[PDB]
Each structure stands twice: as C-alpha cells, then as structure tokens.
Amino acid sequence: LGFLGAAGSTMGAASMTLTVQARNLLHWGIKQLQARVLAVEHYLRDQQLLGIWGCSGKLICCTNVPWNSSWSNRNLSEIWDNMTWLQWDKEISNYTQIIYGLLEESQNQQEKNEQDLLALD
Amino acid sequence: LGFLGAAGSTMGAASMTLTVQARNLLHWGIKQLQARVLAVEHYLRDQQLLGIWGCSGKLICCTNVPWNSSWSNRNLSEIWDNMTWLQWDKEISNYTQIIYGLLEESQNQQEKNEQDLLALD
Amino acid sequence: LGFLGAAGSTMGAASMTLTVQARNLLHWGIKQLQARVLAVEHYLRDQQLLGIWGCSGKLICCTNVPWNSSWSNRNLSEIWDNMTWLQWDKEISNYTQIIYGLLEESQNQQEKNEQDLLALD
Amino acid sequence: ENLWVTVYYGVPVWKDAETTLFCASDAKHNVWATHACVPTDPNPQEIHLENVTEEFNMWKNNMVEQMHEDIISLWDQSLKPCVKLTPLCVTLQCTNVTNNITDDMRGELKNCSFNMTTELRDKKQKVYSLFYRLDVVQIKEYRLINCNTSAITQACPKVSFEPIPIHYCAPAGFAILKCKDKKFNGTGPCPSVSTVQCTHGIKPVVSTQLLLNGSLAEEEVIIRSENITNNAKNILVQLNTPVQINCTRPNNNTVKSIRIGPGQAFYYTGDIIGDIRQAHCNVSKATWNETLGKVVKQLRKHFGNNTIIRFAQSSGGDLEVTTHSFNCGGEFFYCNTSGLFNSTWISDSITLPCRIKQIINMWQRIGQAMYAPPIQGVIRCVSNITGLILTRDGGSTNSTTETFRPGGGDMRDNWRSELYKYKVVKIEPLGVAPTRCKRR
Amino acid sequence: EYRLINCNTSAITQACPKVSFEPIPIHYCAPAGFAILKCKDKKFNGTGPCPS
Ligand SMILES: *[C@@H]1O[C@H](CO)[C@@H](O[C@@H]2O[C@H](CO)[C@@H](O)[C@H](O)[C@H]2NC(C)=O)[C@H](O)[C@H]1NC(C)=O
Ligand SMILES: *[C@@H]1O[C@H](CO)[C@@H](O[C@@H]2O[C@H](CO)[C@@H](O)[C@H](O)[C@H]2NC(C)=O)[C@H](O)[C@H]1NC(C)=O
Ligand SMILES: *[C@@H]1O[C@H](CO)[C@@H](O[C@@H]2O[C@H](CO)[C@@H](O)[C@H](O)[C@H]2NC(C)=O)[C@H](O)[C@H]1NC(C)=O
Ligand SMILES: *[C@@H]1O[C@H](CO)[C@@H](O[C@@H]2O[C@H](CO)[C@@H](O)[C@H](O)[C@H]2NC(C)=O)[C@H](O)[C@H]1NC(C)=O
Ligand SMILES: *[C@@H]1O[C@H](CO)[C@@H](O[C@@H]2O[C@H](CO)[C@@H](O)[C@H](O)[C@H]2NC(C)=O)[C@H](O)[C@H]1NC(C)=O
Ligand SMILES: *[C@@H]1O[C@H](CO)[C@@H](O[C@@H]2O[C@H](CO)[C@@H](O)[C@H](O)[C@H]2NC(C)=O)[C@H](O)[C@H]1NC(C)=O
Ligand SMILES: *[C@@H]1O[C@H](CO)[C@@H](O[C@@H]2O[C@H](CO)[C@@H](O)[C@H](O)[C@H]2NC(C)=O)[C@H](O)[C@H]1NC(C)=O
Ligand SMILES: *[C@@H]1O[C@H](CO)[C@@H](O)[C@H](O)[C@H]1NC(C)=O
Ligand SMILES: *[C@@H]1O[C@H](CO)[C@@H](O)[C@H](O)[C@H]1NC(C)=O
Ligand SMILES: *[C@@H]1O[C@H](CO)[C@@H](O)[C@H](O)[C@H]1NC(C)=O
Ligand SMILES: *[C@@H]1O[C@H](CO)[C@@H](O)[C@H](O)[C@H]1NC(C)=O
Ligand SMILES: *[C@@H]1O[C@H](CO)[C@@H](O)[C@H](O)[C@H]1NC(C)=O
Ligand SMILES: *[C@@H]1O[C@H](CO)[C@@H](O)[C@H](O)[C@H]1NC(C)=O
Ligand SMILES: *[C@@H]1O[C@H](CO)[C@@H](O)[C@H](O)[C@H]1NC(C)=O
Ligand SMILES: *[C@@H]1O[C@H](CO)[C@@H](O)[C@H](O)[C@H]1NC(C)=O
Ligand SMILES: *[C@@H]1O[C@H](CO)[C@@H](O)[C@H](O)[C@H]1NC(C)=O
Ligand SMILES: *[C@@H]1O[C@H](CO)[C@@H](O)[C@H](O)[C@H]1NC(C)=O
Ligand SMILES: *[C@@H]1O[C@H](CO)[C@@H](O)[C@H](O)[C@H]1NC(C)=O
Ligand SMILES: *[C@@H]1O[C@H](CO)[C@@H](O)[C@H](O)[C@H]1NC(C)=O
Ligand SMILES: *[C@@H]1O[C@H](CO)[C@@H](O)[C@H](O)[C@H]1NC(C)=O
Ligand SMILES: *[C@@H]1O[C@H](CO)[C@@H](O)[C@H](O)[C@H]1NC(C)=O
Ligand SMILES: *[C@@H]1O[C@H](CO)[C@@H](O)[C@H](O)[C@H]1NC(C)=O
Ligand SMILES: *[C@@H]1O[C@H](CO)[C@@H](O)[C@H](O)[C@H]1NC(C)=O
Ligand SMILES: *[C@@H]1O[C@H](CO)[C@@H](O)[C@H](O)[C@H]1NC(C)=O
Ligand SMILES: *[C@@H]1O[C@H](CO)[C@@H](O)[C@H](O)[C@H]1NC(C)=O
Ligand SMILES: *[C@@H]1O[C@H](CO)[C@@H](O)[C@H](O)[C@H]1NC(C)=O
Ligand SMILES: *[C@@H]1O[C@H](CO)[C@@H](O)[C@H](O)[C@H]1NC(C)=O
Ligand SMILES: *[C@@H]1O[C@H](CO)[C@@H](O)[C@H](O)[C@H]1NC(C)=O
Ligand SMILES: *[C@@H]1O[C@H](CO)[C@@H](O)[C@H](O)[C@H]1NC(C)=O
Ligand SMILES: *[C@@H]1O[C@H](CO)[C@@H](O)[C@H](O)[C@H]1NC(C)=O
C-alpha cells in the first residue's frame with residue numbers, strides 16, 4: 001500500500017489509505033519558484049474549501065445536504081464495493097459544481113446563523 | 001451579492017456575504033512572484049490570529065473579552081442597523097491592537113490551562 | 001520572557017510562553033523569494049502533521065497513545081521540573097519518528113472509523 | 001448591557017494600497033506588451049457599489065509610475081537583438097541635393113557619402129545615401145548627430161510600432177476601484193464607484209502638445225490640473241468630441257541595404273522617385289474653431305469672468321517640446337503647431353509643415369539613441385486628438401488678459417488621461433464587533 | 001582567395017577547450033502534488049491503454 005496503491009481498489013477499501021495520500025500532497029530558479037508557489041496555492045485552496053464546509057479538522061466528514069438520486073442510479077453497496085474512486089469521479093463529474101454549491105448554501109450559511117442566534121440569546 | 005456588493009449594506013446585513021468574500025481572498029517574473037508570495041503570507045498571518053483565538057473553525061465566533069463600552073458610546077441598534085463596516089472600522093481604529101492583544105492573552109491563556117487540568121485527571 | 005527567553009527555564013515553566021514563540025514562526029530577487037517560500041512550506045507541513053493528529057486547533061493536546069517506558073528512564077515530575085526543552089529533545093531524538101508514526105497509526109485511524117459508525121446511526 | 005468582543009472574518013473593508021499589477025492584452029513582431037504579457041478575461045466583470053463615496057486622487061496615483069517603468073523596460077527589450085551602428089561614425093562628406101524639388105528650408109535634405117566596412121575585415125566599400133539635416137552636424141565634412149555623445153542602435157525593420165492595448169488586473173487580496181462619475185476633475189469623493197477585476201485596455205500612444213487616440217469626455221470638455229492657480233503646472237484638457245489628424249509623406253522614398261560585418265546589415269534611404277515635396281499634416285479649420293470655443297468657455301469658469309483668453313506657440317525649449325511628435329509607419333515626425341494656437345477669444349483646413357528625423361531618443365535619456373530604418377513608399381496616417389496639454393504664461397495679477405501655450409515633455413502626463421479613473425485597494429477581511437453573546 | 005564558411009551569415013564562437021561534450025545521464029522528478037506514471041507493458045507502440 002504505497003502512494004496511490006489504492007487507486008485500483010474499491011472505494012470502500014480505499015478509505016484505509018487516506019492518511020497516506022494526504023502526507024504526499026506537500027532561469028532555473030524561476031522554474032523552482034513557479035512550481036512551489038503553485039503547489040502551495042493549490043494546497044491552500046483545498047483547505048479553504050473544507051473550512052467553509054467545516055470539515056477542515058477531518059479526513060472524513062458528514063454534511064446536511066441530501067443526495068439527489070438523479071446524480072447516480074446506484075445502490076450504496078454498489079458504489080462502495082463495485083467501483084473505484086477513479087470510475088466514480090468520472091461518473092459524477094457533471095455534478096461536482098452543484099454539490100459544492102449546495103454544501104455552502106444548505107449547511108455553512110444556515111448553521112452559522114442558527115448558532116449565532118443561540119449565542120446571542 | 002457579488003464581491004464587495006455588501007459595502008453599502010448595514011453591518012448586520014453584510015454578515016450574509018462573509019463566505020462569498022472569503023473565497024476571493026486567496027525581470028517581470030520576479031515582480032509577479034513577489035506579489036503572489038506576499039498574498040499567501042498575508043493570508044496565513046490572519047489565519048494564525050484566528051488559530052490563537054480558537055476561532056479558526058468559524059467565520060463567526062464569540063470571545064470571553066468584555067466590550068469595555070467606553071471605547072465608543074453607541075447602542076447595538078445604532079451600530080448594527082444604521083452603519084456600514086467601512087465606517088465602523090474607522091470608529092475603532094485606535095483600539096484594534098488593544099482588542100487583539102486582549103484576545104491572545106486574556107482568553108487563550110486561561111482556556112488552555114483549564115482544558116489541560118481536565119485532561120490531567 | 002522575551003522570544004526564546006523560555007529556553008533557559010525548565011520545561012514546565014516554558015509552557016507559559018508557547019504563544020510568544022508561535023508569533024515568530026511566520027539574482028537578489030531569487031534569494032529573497034526562495035527564503036520566503038521555504039519558510040512557508042516548513043510552516044504548513046507542521047500544521048498538516050497536527051491536522052493528522054487532530055490537534056490542529058491547540059497549542060497543547062493529549063493523545064491516547066501510551067508512553068513506552070524504554071523511551072526514557074525518568075520520572076514524570078523529574079522531566080518537567082529538572083530539565084530544559086533543549087536537553088529533553090536530545091534524549092528522545094532517537095524515538096521521535098516512532099512516536100510520530102504511532103500517533104498517526106495507532107489512534108487516529110481508529111477514531112475516524114468509530115465516528116463514521118456513530119454518524120451513520 | 002453585557003456587551004462582548006466578537007470576531008468576524010470575510011468583512012467587506014478595504015484600505016489604500018500599492019501592489020504589482022499583472023499585465024494582460026487582447027493581442028509577427030511588435031515592440032509592445034503582447035510579447036511580455038498574457039491573454040485577458042474575454043468578459044470582464046463589474047460590480048457597482050451602492051452608497052459609496054470613495055475618494056480618488058489621480059495626481060498621487062502610483063499606477064502611472066508602474067506603467068512608465070513597464071513601458072520603458074518593454075521598449076528596451078526590442079532593441080537587444082538589433083544591429084549596432086558604431087562603425088558609421090565617420091567623416092561623412094556631403095553636398096546639397098539638386099532635383100525637381102519644392103524643398104523646405106534650404107539644405108534640409110543632403111546627399112552624403114562615406115567609407116564603410118564590409119563582411120571581411122580586409123575590405124572597405126564606398127557608399128552613399130540621403131540624410132535629413134536634423135540628423136547631420138557640420139564639423140564639407142559632417143558627423144551624424146550624437147556621434148560624440150552616444151552609441152546608436154538600428155531598430156529591427158521587422159518589428160511593428162503600432163500600439164497594442166494593455167490591461168491591468170488585480171492580484172488576489174486586492175481590487176481595483178473605478179470612478180464612474182461624469183465630469184470628475186480627478187480629485188475628491190466620487191459619487192459613483194464600482195469594482196472591476198481588470199482595467200479597460202490602454203494604448204501606449206506617444207505624442208506631444210496634444211493627446212492622440214485616447215478616451216473622450218462623456219458630455220463636456222473637462223479641464224484639470226494638479227493646481228489650477230499655479231501657472232507652472234500642466235493643464236490637461238479632455239475633449240468631448242474628436243478632432244482628426246491627417247499626416248502624409250508624398251515623396252515615394254526608396255530603401256536599399258548593405259551587409260556590414262558577418263552578423264549585421266544597414267538600411268538607408270535611396271534615390272527619391274518623382275518630385276520632392278514637404279511632409280505635412282492637416283488640421284480642420286472649422287472643427288478646430290469650434291473646439292477652441294468650447295475650451296475657452298470652460299477656462300473662463302476656472303479663471304473668472306471677462307478675461308481675454310489667447311493662445312500662442314511655445315517660447316522655447318527643445319524640438320521635443322516645441323513641436324508635435326508623431327509615430328506613423330515607424331517614421332518620426334515633428335510638426336509646427338503654430339496656426340492651431342494662433343487666436344484671441346473675447347466673446348476649410350490648416351496645413352502644418354513637418355520635418356522628419358531618423359535619430360531619436362523617445363525617453364529623453366542621456367547616452368541613448370536609436371536609428372529608425374527608412375520606410376519605403378508613400379505614407380498616409382489618420383488619427384485623432386482626444387485632448388490638449390496647456391500651460392499658462394500668467395500668474396501675473398497686473399492684467400485683464402491671459403495666454404496659454406502648449407505643454408509636454410513628460411510622457412507620464414499622457415497616461416494620466418486614461419488612469420485617472422482607477423484606484424488600487426487592499427482587502428482586510430478581519431474585524432470585531434460588540435454584539436452581546438455567550439460561549440463555553 | 002577564400003572565406004570561412006558562413007562569414008556572410010553569422011558570428012562564430014570558439015568552443016571552450018576545457019568543456020567536455022560527453023553525455024551525463026539526467027533524471028527528471030515530479031514536484032509535490034504530482035506523480036509520474038510508468039508503463040510496464042512490453043511490445044507497446046506508445047499509444048493506447050497500458051495493462052500494467
Ligand atoms: C545648400 O544651399 C543653401 C542655399 O544656398 C546653402 O545655404 C546658404 O549658406 C550660405 C553660406 O553660409 C549663406 O550665406 C546663406 O544665407 C544660405 N542660404 C539660405 C539659408 O537660404 C547651404 O549652405 C547649402 N548646403 C551646403 C552643404 O552647401
Ligand atoms: C558634440 O558635438 C557638438 C557639436 O560640436 C557639441 O555642441 C557644440 O557645443 C559647443 C560648445 O562650444 C557650442 O559652441 C556649439 O554651438 C555646439 N554645436 C551645436 C551644433 O550645437 C557638443 O557639445 C559635443 N558634445 C556634447 C556632450 O555636447
Ligand atoms: C476638484 O473639485 C473639488 C471641488 O468639487 C476641489 O475641491 C476644493 O478643495 C479645496 C481644498 O482647500 C477647497 O478650498 C475648495 O473650496 C474645493 N472646491 C472649490 C470649488 O473650492 C478640488 O480641488 C478640485 N480638483 C482640482 C485638481 O482642481
Ligand atoms: C513609387 O516607387 C515605386 C517603386 O519603389 C513604384 O512601384 C513600381 O511601379 C511600377 C509600375 O509599372 C512597377 O513596374 C515596379 O515594379 C514598381 N516597383 C516596385 C514594386 O518596387 C511606384 O509606382 C511609384 N509610385 C508612383 C510613381 O506614383
Ligand atoms: C490636406 O489638405 C491639403 C489642402 O487641401 C491637400 O492638398 C491638396 O492635395 C491634392 C492631392 O491629394 C493636390 O492635388 C492639391 O493640389 C493639394 N492642394 C494644395 C497643395 O493646395 C492635401 O492633400 C491634404 N492631405 C491629405 C492627406 O488629404
Ligand atoms: C513655427 O513657425 C513660426 C513662423 O510661422 C515660427 O515663428 C516665427 O519666429 C520668428 C522669429 O521669432 C518671428 O519673427 C515670426 O513672427 C514667427 N512666426 C511668424 C512670423 O509667422 C515658430 O518659431 C515656428 N515654431 C517652431 C517650433 O519652429
Ligand atoms: C490611431 O488609431 C487609428 C485606427 O487604428 C490608426 O490608423 C490605423 O493605423 C494602422 C497602422 O498604420 C493601419 O494599419 C490602419 O489601417 C489605420 N486605420 C485606419 C487608417 O482607419 C492611427 O495610426 C492611430 N494613430 C497612432 C498615432 O497610432
Ligand atoms: C485487483 O482485483 C483483485 C480481484 O480480482 C483484488 O483482489 C485486488 O485487491 C485488486 N487490486 C487493487 C489494487 O485494488
Ligand atoms: C434533483 O435534481 C433535479 C434537477 O436539478 C431537481 O429538479 C430536483 O428538485 C432535485 N431534487 C432534490 C431535493 O430533490
Ligand atoms: C440495487 O438494488 C436493486 C433493487 O431492485 C437490485 O435489483 C439491483 O440488482 C441492485 N444492484 C446491485 C449492484 O446490487
Ligand atoms: C458528463 O459531462 C460530459 C461533458 O459534457 C458529457 O459528455 C457526459 O455525457 C456527461 N455525463 C452524464 C450527463 O451522465
Ligand atoms: C475602557 O477601556 C480602557 C482601555 O482601552 C480603560 O482604560 C477604561 O478604564 C475602560 N473603561 C471601563 C473599564 O469602564
Ligand atoms: C439601546 O436601545 C434599547 C432599546 O433597543 C434601550 O432599551 C437602551 O436603553 C439603549 N441603550 C443605551 C441608550 O445605552
Ligand atoms: C443613523 O446615523 C445617522 C448619521 O449617519 C443619524 O443622522 C441618524 O439619526 C441615524 N439613524 C437612526 C439612529 O435611526
Ligand atoms: C483616533 O485617532 C485619530 C488620530 O489618528 C483621532 O483623530 C481620533 O479622534 C481618535 N479616536 C478616538 C475615539 O479617540
Ligand atoms: C516498547 O519498546 C520495546 C523495545 O524497548 C518494544 O519491543 C515494544 O514493542 C514497544 N511497545 C510499543 C511500541 O507499544
Ligand atoms: C522516581 O521516584 C522514585 C520513587 O517513586 C525514586 O525512588 C526515584 O529515584 C525517582 N527517579 C528519578 C528521580 O530519576
Ligand atoms: C536536577 O537534579 C540533579 C540531580 O543531581 C541536581 O543536581 C540538580 O541540581 C537538579 N536541578 C534543579 C533542582 O534545578
Ligand atoms: C541514541 O542514538 C545514539 C547514536 O549514536 C546513541 O549513541 C545513543 O546512546 C542513543 N540513545 C539511547 C537512549 O539509546
Ligand atoms: C443604499 O443602501 C440601501 C439599503 O437598503 C439600498 O436600498 C439603496 O439602494 C442604496 N443606494 C441607493 C441609491 O438606493
Ligand atoms: C525633372 O523632370 C524632368 C521633366 O520631366 C525630367 O526630365 C527629369 O528627369 C526630372 N529630374 C531630373 C533630375 O532629371
Ligand atoms: C573612400 O576612401 C578612398 C581612399 O581613401 C577615398 O578616395 C574616397 O574618397 C573615400 N570615400 C568617401 C565617401 O569618403
Ligand atoms: C496652489 O498653489 C498655491 C500657491 O499660492 C497654494 O497657495 C495653494 O494651496 C495650492 N492649491 C492646492 C495645493 O490645492
Ligand atoms: C482628415 O480628412 C477628413 C475627411 O476625409 C476630414 O474630415 C478631417 O478633418 C481630416 N483630419 C484632419 C485634418 O486632422
Ligand atoms: C548623389 O550624388 C551622386 C553623385 O554620383 C549621384 O549619382 C546620386 O544620384 C545623388 N543622389 C541624389 C539623391 O541625388
Ligand atoms: C470661428 O468661427 C466664428 C463664427 O462661428 C468666427 O466669428 C471666428 O472669427 C472664427 N475664428 C476665429 C479665430 O475667430
Ligand atoms: C459671468 O457671470 C455671469 C453671472 O453674472 C454668468 O452667467 C456667466 O456664465 C459668467 N461667465 C463666465 C463664468 O465665463
Ligand atoms: C496670429 O495672430 C496675430 C495677431 O492677430 C496675427 O497678426 C497673425 O497673422 C496670426 N497668424 C496667423 C498665421 O494667422
Ligand atoms: C479616433 O481614432 C480611433 C483610432 O482607434 C478610432 O477608434 C475612433 O473611432 C476615432 N474617433 C472618431 C473617428 O470620432
Ligand atoms: C552565404 O554564402 C553561401 C554559400 O553557399 C550562400 O549559399 C548564401 O546565400 C550566402 N548568404 C547570404 C546571406 O548571401
């Protein structure tokens with residue numbers, strides 16, 4: 001189970017290696033600087049997105065957005081055992097923009113307001 | 001609803017857009033790199049202030065530091081419903097370093113010890 | 001107790017200053033840019049490591065991984081009151097990689113699984 | 001009551017700031033930015049900010065300085081691969097040209113010859129070419145202008161000088177504010193403010209005494225200066241209507257070239273085909289007459305009632321500031337603007353003579369010089385005036401009259417006419433507030 | 001009479017006598033966030049799916 005050794009594995013099996021994958025995410029002088037700056041800017045963008053979702057403290061988290069069955073006509077056991085993450089990512093690639101927008105609107109925007117009201121009272 | 005569209009809104013109304021604003025915060029080759037490196041450093045420094053305060057998990061948080069209302073003689077409705085954030089920033093421009101110092105020292109130092117004492121037993 | 005003034009004190013006393021230390025952790029154009037970029041990558045890697053451990057929100061945290069008695073033949077109160085951090089770091093320098101691996105492997109891998117089951121219910 | 005400190009992130013507050021801006025362009029070789037920059041956003045966004053009165057001050061705008069340094073460095077890069085003319089500083093014996101010529105001031109065009117080197121170190125050749133009087137100084141024996149002051153570099157003939165628009169875009173964490181208010185004088189609070197990711201494209205058009213190919217005022221002629229009461233200051237006038245400029249060179253000049261050394265070649269003016277005639281530029285009389293009347297009316301508002309306003313040609317200084325510089329086809333022209341400013345105001349066309357110079361120094365730098373290659377054939381160039389640069393001869397309190405003369409000599413003042421609209425600010429997302437709340 | 005070839009076209013620079021032209025093996029490595037995949041197949045014509 002080296003880096004990306006999980007790539008051919010079922011989506012469920014792959015969950016065992018998430019930590020390992022995370023560890024590997026982080027004029028000649030100009031070439032070095034452009035590559036390094038981009039690696040950092042990219043890294044931070046992913047972390048900011050999790051921070052909006054409130055999931056930044058975890059590799060795995062749950063959300064309050066319900067699944068739209070039209071995104072994929074499959075059973076839970078079907079997805080977790082009969083597919084790889086590579087196949088899955090392609091299958092729902094049309095809806096990733098929608099899901100990200102829903103996570104912010106349905107959870108982040110709603111929860112911060114309700115918690116503020118409780119704090120205010 | 002777009003970036004800085006909240007500038008004319010009241011401080012209370014403006015709070016709806018905080019997430020939107022957050023998303024947009026993140027020879028010639030040298031000049032371009034200096035701008036990008038500094039943009040990253042500035043971003044990280046603000047995150048460090050929140051991390052010390054313990055507020056880094058949220059866009060909005062409460063603290064244990066009392067307002068000390070003599071800093072400005074205004075009512076909450078006079079501030080939140082009748083004024084912009086742009087105007088507010090000027091009203092407390094001479095107290096900002098004081099408030100930040102209070103948060104780092106008067107709150108975090110007490111909280112870390114009480115949490116450790118509970119952990120010890 | 002200025003920057004690194006704590007270094008002369010015993011390990012227990014040094015804990016008072018952790019915030020002070022935290023504040024200071026963050027042709028010719030190439031030298032300037034490379035120095036800044038490397039400082040940032042190092043900073044971010046330490047935060048990533050804490051995130052794996054689940055301690056990213058705190059200066060001080062506890063884990064459920066047991067201490068190996070072979071790592072150091074000393075009393076707990078002896079270490080805190082009779083040593084400096086500079087001395088302590090040398091005595092366990094052979095075991096640092098082992099401890100870091102245990103925190104990642106032996107505890108956080110289990111908690112993510114239990115949380116998934118609780119969230120599922 | 002029991003108010004507490006709270007913290008907010010993402011707060012919509014900005015502060016004045018200066019930062020490097022990223023150049024971009026909508027745009028085979030050209031001296032301009034297209035080689036040094038990236039493609040623009042095809043659909044720029046703009047957000048109006050309601051109830052915002054943000055202050056602008058064009059005279060302190062750092063964007064002007066940033067553009068200047070980028071333009072100078074950009075221009076210099078185009079000459080780095082190009083041919084050096086150091087071997088050409090010679091005795092250069094010359095004689096008067098005799099032909100079917102209507103001429104100019106006598107001696108304006110000369111027939112010169114010199115001993116020049118060849119591809120081989122062992123051999124020399126005798127050559128001849130035409131030169132303009134402006135490029136030749138008497139020692140009969142002559143020297144090329146600046147042979148005793150600087151090296152001369154030949155511009156590469158393949159490279160176009162035609163202006164290409166330049167856009168500037170903010171880096172993350174920064175934003176560019178734009179003043180939309182009509183009839184803004186460049187200073188004070190702007191009643192209507194909006195935010196843009198990038199600026200409108202600005203063409204690097206170089207001219208003196210008149211502003212060419214720029215933006216027009218939306219409704220009426222706008223007069224602005226750093227200090228309206230200080231006669232030393234340049235006054236920029238933006239027109240609300242265009243006035244065209246039609247320039248031509250009728251002579252049908254030809255171009256010949258000779259290889260010099262193993263790595264270089266030199267281009268020079270050959271025999272002129274047909275009659276030799278004076279280069280010139282037209283200015284419409286009727287259009288200009290109306291244009292001046294509008295400017296005078298606005299000047300009276302700034303300088304008071306019943307003041308007689310006159311215009312005149314510059315009293316002195318170098319050719320760069322006493323004449324109107326053009327770049328058409330890569331040829332550099334200097335024209336006498338007298339007759340445009342020859343008027344007094346109380347209550348079909350003009351033809352201006354022009355001269356051509358092949359040795360120029362666009363940025364007025366000591367120790368630098370460039371030789372333009374000659375352009376073959378007849379040149380026609382059509383462009384327009386979008387503003388004027390004026391100075392006062394006044395400051396006197398002893399008269400009921402006032403006189404204006406053309407200003408110029410500082411390229412930064414031309415860019416101000418397009419950049420006065422913009423300001424750069426930094427976004428500061430962190431802030432605090434009193435609202436009552438509790439926490440564990 | 002003769003001319004060195006291309007005196008009519010370009011300047012000529014003498015190679016420095018102390019500089020060898022002997023090849024040195026070069027390895028290329030990925031930046032962080034990237035990885036290089038290697039095809040292990042045999043009789044591969046450089047295109048299409050690689051089975052390993
Ligand atoms: C070309 O011809 C003109 C006209 O004859 C020459 O200009 C004259 O120069 C002389 C001698 O100094 C003066 O006395 C005249 O007043 C000039 N005539 C003008 C200005 O109309 C000119 O010098 C000749 N050029 C050469 C190189 O011989
Ligand atoms: C380069 O040569 C020109 C021409 O000789 C010099 O300009 C002259 O300067 C003297 C000083 O006595 C004057 O009397 C002349 O009127 C000038 N001639 C012209 C045609 O303007 C120039 O000074 C020399 N070098 C520099 C740096 O100026
Ligand atoms: C643009 O117009 C404004 C007024 O709309 C000018 O503001 C002046 O500021 C001075 C400051 O001492 C005041 O004394 C003046 O009373 C203000 N206006 C007037 C009409 O007096 C501003 O200076 C103008 N900018 C320029 C460059 O002229
Ligand atoms: C201006 O000069 C050019 C040549 O430099 C003339 O172009 C020539 O036109 C004749 C027409 O019969 C052709 O045969 C030649 O081959 C052309 N020469 C070229 C293309 O180099 C042009 O006609 C002249 N313009 C005039 C006389 O008005
Ligand atoms: C600018 O205006 C002048 C004056 O009308 C034009 O001069 C005439 O040009 C034509 C050829 O285009 C000649 O046949 C006339 O004899 C000229 N009139 C004169 C010399 O009095 C001139 O051509 C105009 N320039 C342009 C580019 O249109
Ligand atoms: C533009 O041309 C005018 C002439 O049309 C030049 O001015 C003349 O200067 C002489 C000497 O001072 C005066 O006697 C004339 O009265 C002026 N104009 C006349 C008489 O019409 C003017 O200097 C030229 N401008 C440039 C920059 O060369
Ligand atoms: C001002 O803009 C006009 C329009 O682009 C320029 O006229 C063009 O010039 C180019 C380059 O010579 C020609 O290819 C175009 O055909 C011209 N357009 C016409 C004649 O309609 C004019 O040259 C510009 N002025 C300056 C000083 O650059
Ligand atoms: C490949 O498939 C086999 C079953 O055919 C499975 O046992 C093995 O774990 C899979 N390999 C990976 C990397 O998923
Ligand atoms: C699922 O997606 C479709 C298409 O956007 C939408 O019409 C439907 O309302 C969605 N269902 C949600 C909660 O069910
Ligand atoms: C998914 O559930 C349906 C229920 O009818 C079943 O018919 C189908 O075979 C299931 N798919 C898989 C892959 O088990
Ligand atoms: C996903 O998007 C691609 C690109 O538009 C499209 O070809 C594919 O059919 C889509 N998949 C769907 C709609 O299931
Ligand atoms: C308000 O705060 C200031 C310090 O900023 C303090 O000096 C003053 O006494 C305070 N007023 C109180 C606590 O009533
Ligand atoms: C603030 O307004 C409330 C009513 O909303 C009023 O009861 C209170 O006295 C005000 N506080 C002041 C004026 O300090
Ligand atoms: C809002 O503030 C303005 C001054 O900016 C004041 O004139 C007005 O009375 C305030 N409105 C209230 C308190 O309702
Ligand atoms: C804050 O300082 C400024 C000068 O920098 C002063 O004009 C203003 O009155 C001060 N505010 C308070 C509340 O003292
Ligand atoms: C503690 O250290 C000993 C070696 O001194 C090792 O054999 C034992 O497995 C360790 N216990 C752990 C790592 O839990
Ligand atoms: C640890 O404490 C014991 C008594 O519990 C004592 O005998 C021993 O010397 C101590 N070890 C030290 C100080 O290293
Ligand atoms: C730490 O313990 C040693 C034991 O020899 C003692 O000599 C030393 O003085 C102690 N340091 C203290 C008490 O600060
Ligand atoms: C740590 O390793 C070094 C290697 O030289 C060794 O000398 C030292 O005794 C080791 N420390 C312990 C406590 O084993
Ligand atoms: C000023 O703010 C108010 C907030 O309700 C907004 O309705 C208004 O449109 C803004 N400006 C103008 C000119 O209306
Ligand atoms: C001048 O015109 C005449 C008559 O057309 C022509 O013969 C002559 O060649 C032209 N110029 C010269 C220098 O001969
Ligand atoms: C070129 O050199 C020769 C020999 O000195 C001389 O006769 C001739 O006049 C020179 N040509 C020029 C244009 O000076
Ligand atoms: C313009 O210059 C005059 C000279 O007396 C000065 O008095 C005035 O303050 C200046 N106006 C400005 C700087 O706006
Ligand atoms: C150029 O000629 C046009 C007519 O073709 C005329 O309308 C315009 O005024 C001229 N521009 C000048 C003289 O600057
Ligand atoms: C320059 O003088 C030479 C003398 O031989 C003549 O051949 C040539 O045609 C002249 N050039 C011009 C443009 O008159
Ligand atoms: C400009 O036109 C007006 C009539 O509209 C005329 O009176 C005036 O004399 C003309 N030009 C000048 C310089 O007066
Ligand atoms: C002169 O003053 C009158 C009012 O008395 C005004 O109508 C006119 O426009 C003024 N003229 C100017 C400012 O040129
Ligand atoms: C310029 O104005 C003066 C004074 O009215 C006049 O004598 C002169 O002829 C004018 N020049 C031209 C070219 O009209
Ligand atoms: C002025 O010249 C510019 C050159 O680009 C042209 O785009 C503009 O339409 C002209 N203005 C006129 C003819 O009114
Ligand atoms: C240089 O000489 C070579 C000899 O083969 C010839 O082929 C070539 O055209 C020449 N180059 C030039 C630029 O005349």
# chains A, B, ... in the order shown; residues from 1 in each chain; ligands from 1
>>> interface_residues(of="chain C", to="chain B", cutoff="9 Å", atoms="only C-alpha atoms", output="ChimeraX atom specification")
/C:16,19,22-23,26,29-30,32-33,36-37,40,56-62
>>> residues_near_ligand(ligand="ligand 5", cutoff="12 Å", atoms="only C-alpha atoms and all ligand atoms", output="PyMOL selection string")
chain D and resi 102+244-250+277-285+348-353+378-383
>>> calpha_fit_rmsd(fixed="chain A", moving="chain B")
0.6 Å
>>> residues_near_ligand(ligand="ligand 30", cutoff="7 Å", atoms="only C-alpha atoms and all ligand atoms", output="PyMOL selection string")
chain E and resi 6+8-9
>>> write_last_selection(atoms="N, CA, C and O atoms", output="JSON list (two decimals), in the first residue's frame")
[["chain", "number", "residue", "atom", "x", "y", "z"],
["E", 6, "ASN", "N", 30.09, 30.64, -43.90],
["E", 6, "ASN", "CA", 29.12, 31.43, -43.15],
["E", 6, "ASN", "C", 29.66, 32.72, -42.52],
["E", 6, "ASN", "O", 28.99, 33.31, -41.67],
["E", 8, "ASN", "N", 29.32, 35.23, -44.16],
["E", 8, "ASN", "CA", 28.29, 36.11, -44.71],
["E", 8, "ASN", "C", 26.97, 35.96, -43.98],
["E", 8, "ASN", "O", 25.99, 36.62, -44.32],
["E", 9, "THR", "N", 26.92, 35.07, -42.98],
["E", 9, "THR", "CA", 25.66, 34.80, -42.29],
["E", 9, "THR", "C", 25.71, 35.00, -40.78],
["E", 9, "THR", "O", 24.72, 35.43, -40.19]]
>>> residues_around(residues="residue D:164", least_positions_apart="2", cutoff="12 Å", atoms="only C-alpha atoms", output="MDAnalysis selection string")
chainID D and resid 24:27 29:37 71 160:162 166:167 201:205 213
>>> residues_near_ligand(ligand="ligand 15", cutoff="7 Å", atoms="only C-alpha atoms and all ligand atoms", output="VMD selection string")
chain B and resid 71 to 72 91 to 94
>>> write_last_selection(atoms="C-alpha atoms", output="PDB file, in the first residue's frame")
ATOM      1  CA  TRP B  71     -14.391  52.822  23.710  1.00  0.00           C
ATOM      2  CA  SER B  72     -17.475  54.025  21.823  1.00  0.00           C
ATOM      3  CA  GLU B  91     -14.526  54.273  14.782  1.00  0.00           C
ATOM      4  CA  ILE B  92     -12.355  51.658  16.477  1.00  0.00           C
ATOM      5  CA  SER B  93      -9.118  52.196  14.553  1.00  0.00           C
ATOM      6  CA  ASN B  94      -7.278  53.218  17.733  1.00  0.00           C
TER       7      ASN B  94
END
